[PDB]
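Listed below are the residues making up each chain.
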Amino acid sequence: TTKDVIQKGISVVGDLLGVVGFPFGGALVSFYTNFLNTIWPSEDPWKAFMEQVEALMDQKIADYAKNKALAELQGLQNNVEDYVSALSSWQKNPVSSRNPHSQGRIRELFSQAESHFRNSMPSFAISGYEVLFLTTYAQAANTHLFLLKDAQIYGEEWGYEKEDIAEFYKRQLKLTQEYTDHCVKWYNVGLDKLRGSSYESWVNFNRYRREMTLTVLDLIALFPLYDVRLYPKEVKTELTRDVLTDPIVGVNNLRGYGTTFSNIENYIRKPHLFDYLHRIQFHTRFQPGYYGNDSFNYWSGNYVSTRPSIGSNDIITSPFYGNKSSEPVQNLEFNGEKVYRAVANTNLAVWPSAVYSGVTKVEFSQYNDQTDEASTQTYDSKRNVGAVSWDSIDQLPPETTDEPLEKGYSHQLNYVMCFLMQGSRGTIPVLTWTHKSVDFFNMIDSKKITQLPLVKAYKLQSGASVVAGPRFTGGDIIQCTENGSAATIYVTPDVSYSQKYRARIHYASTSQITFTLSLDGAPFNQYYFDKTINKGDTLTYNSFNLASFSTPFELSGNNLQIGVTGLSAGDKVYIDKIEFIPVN
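As recorded in the PDB header, X-ray crystallography is the method behind this entry, and the stated resolution is 2.90 Å.

Before going further, it helps to examine the overall build of the chain. Across its full length, the chain holds eleven helices and 27 strands. Its C-alpha atoms give the chain a radius of gyration of 26 Å, within 12% of the compact-globule value 25 Å for 584 residues. Across its three principal directions, the C-alpha atoms of the chain cover 85 × 65 × 50 Å. Sequence separation of 24 or more characterises 76% of the internal contacts of the chain that already satisfy a separation of 6 or more.

Segmentation of the chain into domains returns domain 1 (1–229), domain 2 (230–240 + 438–584) and domain 3 (241–437). Look at where the C-alpha atoms of domain 1 and domain 3 centre, and you get two points 35 Å apart. Counting residues at the interface gives 24 residues for domain 1 and 27 residues for domain 3. Counting each side, the surface lost to burial between domain 1 and domain 3 is near 2100 Å², with a carbon and sulfur contribution of 60%.

With that out of the way, let us pick up helix α6 (residues 134–148). When the terminal C-alpha atoms of α6 are compared, their 21 Å separation across 15 residues agrees well with the 21 Å that a helix rising 1.5 Å per residue should span. Within α6, 15 of the 15 residues are buried, leaving the element largely enclosed by the surrounding structure.

The biggest cluster of nonpolar side chains holds 132 residues, and the ones touching the most others in it are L16, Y32, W158, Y208 and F364. For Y32, the contacting residues outside a window of four places in its chain are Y83, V84, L87, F146, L147, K149 and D150. Grouped together as the second largest cluster of nonpolar side chains are 34 residues, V466, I478, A486 and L560 included.

Right, let's get into the environment of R118. In this fold, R118 is placed in helix α5 (residues 100–120). Along the chain, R118 and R229 lie 111 residues apart, while their C-alpha atoms are 22 Å from each other. Setting aside chain neighbours within four positions, we find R118 in contact with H144, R171 and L175. At a separation of 2.9 Å, a polar atom in the side chain of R118 contacts the side chain of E114.

Turning our attention to the packing of aromatic side chains. Following the criterion strictly, the structure yields 46 aromatic pairs and no others. Pairing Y527 with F529 gives two aromatic rings, centres 5.6 Å apart and planes at 80°, and the pair type is edge-to-face. Look at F529 and you get buried, because its relative accessible area is 2%. Here the aromatic residues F31, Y32, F35, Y83, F110, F146, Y154, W158, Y160, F168, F223 and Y226 are joined through ring pairs into a cluster of three or more. In this structure, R229 is placed above the aromatic ring of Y169, and the distance from its NZ or CZ to the ring centre is 6.0 Å. Lying across the ring of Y257, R425 places its NZ or CZ 3.9 Å from the centre.

The next point concerns unusual backbone geometry. A positive phi angle is found at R471, which is not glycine, with a value near 80°. Judged by its relative accessible area of 32%, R471 falls in the partly exposed class. We note that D520 has phi near 50°; this positive angle belongs to a residue other than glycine. You can see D520 is positioned in the loop between β22 (513–519) and β23 (522–529). Here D520 falls in the partly exposed class, since its relative accessible area comes to 47%.

The rules behind each value
Throughout, residue numbers begin from 1 within each chain and advance along the sequence as written. They need not agree with those in the entry, and any residue without coordinates is left out. Hydrogens and water molecules were not included; the side-chain quantities draw on all heavy atoms of the structure. Residues with missing side-chain atoms are left out of burial classes, side-chain pairs and their counts. Note on conventions: DSSP H or I runs of at least 4 residues are helices, E runs of at least 2 residues are strands, and numbering of each starts at the N terminus. This radius of gyration counts C-alpha atoms alone. The globule rule is 2.2 Å times how many residues there are, raised to the power 0.38. Contact criterion: two residues are considered in contact whenever any of their non-hydrogen atoms come within 4.5 Å of each other. The split of the chain into domains comes from an automatic or database domain assignment. Defined here as a combined quantity, buried area equals the accessible surface (1.4 Å probe) lost by two parts on assembly, summed across both. A helix is expected to reach a length of 1.5 Å times the quantity of its residues less one. Residue exposure (1.4 Å probe, protein chains only): buried if accessible area is under 20% of the type maximum, exposed if over 50%, otherwise partly exposed. In these notes, a set of buried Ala, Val, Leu, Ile, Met, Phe, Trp, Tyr and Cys residues joined through side-chain atoms within 4.5 Å is what counts as a nonpolar core. Within 3.5 Å is the distance limit for a polar contact, defined as a pair of N or O atoms, with the added protein rule that one can donate a hydrogen and the other accept it, and that residues adjacent in sequence qualify only through two side-chain atoms. Only centres within 6.5 Å qualify two rings of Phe, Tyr or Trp (six-membered ring in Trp) as a pair; their planes then separate them into stacked at under 30 degrees, edge-to-face at over 60, and tilted for everything else. Geometrically, a charge over a ring is one whose NZ (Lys) or CZ (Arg) sits within 6 Å of the ring centre while staying within 35 degrees of the ring normal.

Now the structure itself:
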């Protein structure tokens, strides 16, 4: 259920990833038409977003509050539509038909929509309904900010005053911080409200966390890239966060035998440097049926192997998960393949006073981007397979229903972990996924501004570590606690010639520091950076600063190393991303 809003959520993020930074006019208009068809066609999508959180929370919005919200939204739709039609005409029409009279038409259509947005937002955040209105607020906030940046692109063309364009910019800065902070605060409120002790508690908790990531958190991560003044070129970026699909179970009610909340949550993957699915070792066991004829084999445990980010080749192998094999082990290798789908079969044996169920078959759909070919690899228990009961596509829809799945998919498999049920009743498999936007090669685009997340490093040092992200950066961050090296990240230049770049760093620091950059062990850039927070402080939007390094440089190597100095005992530095600006 709700796959509709999940697909809309996934698609918008996917589309926006193409018009992030300063977009080209044709691309901007194209986006807008899909945008209107997806998010702003009627009240139906808005109604579905409200029902979505009501489902997750098991609470309802007071009819009066639901109706007002919907009323504001109908009005905002007209404003957006009227604006887009006019913008479309403006782009299409030559720099001749632009008379003072048509400029004033577009200027007031814009002013109306923008103003209507500021006036309506509080309706999506009424006291006591903040969490329930989260996806609605997130989608409305996004529209408002995306709309705002147009004033910086077309402001002068439309004949706006210098003062007007400036007022709009300051307004954009204030709202980017507020809307971001609002979403994270209530996201966390909702998350904590769902923490429990039971297996059933964890499934709800994790479903909320996954659905809020796809519809809210991924979205807010793009907001800063709507600043066309800081980002005067197109931006190449990616989302590095993990999402966990619902556990694969044969029965709807485990009658208390489900793994406890703590035995799942405390054991899922902790903040880690980015990696890729490399190998899986399937362990199978025999489940006897009370009458023999109803027996079946099932997936009892597993091993998982991942390969690190580009620059390192040593394979990481996981501890054993679940129960040892009673049957012959099965190994599937993924070197180069991207698993874009997983479909499972489950089976059950009904005993006089017990029910035993397990995952009997798993079919993986893979795509080879090198040899541009799709294929499948499957796990089979070999005894009494039963029918398909779990499809990843229902939880992780494709970005586009236009193209074939091997082209339009939104996520790929990263991890597999087997949990044991209580009182040796079976095995519960749990799958972790990563976004399609992640670039394996860490490629520096010669025409765009390239954002490189530090979690894409292959090596940490001097006691640097991966820490949970503040929820608004699209992934995790690096914490530095000592003076010295911190991280080594491998970089792939896209051009052969001596292209020059400027580097920018998105960080948070308790003190004034020095960042040093090295290529293949040779320093090339060193600069002084300001303190952004006090020791103790929690990380909110304003905690981070984006600062440039003075001197331009060429990519005369691949191994980029970031080093920090100027720390005192108790000081901490958080690094989010390094950016590259193609310069002449």
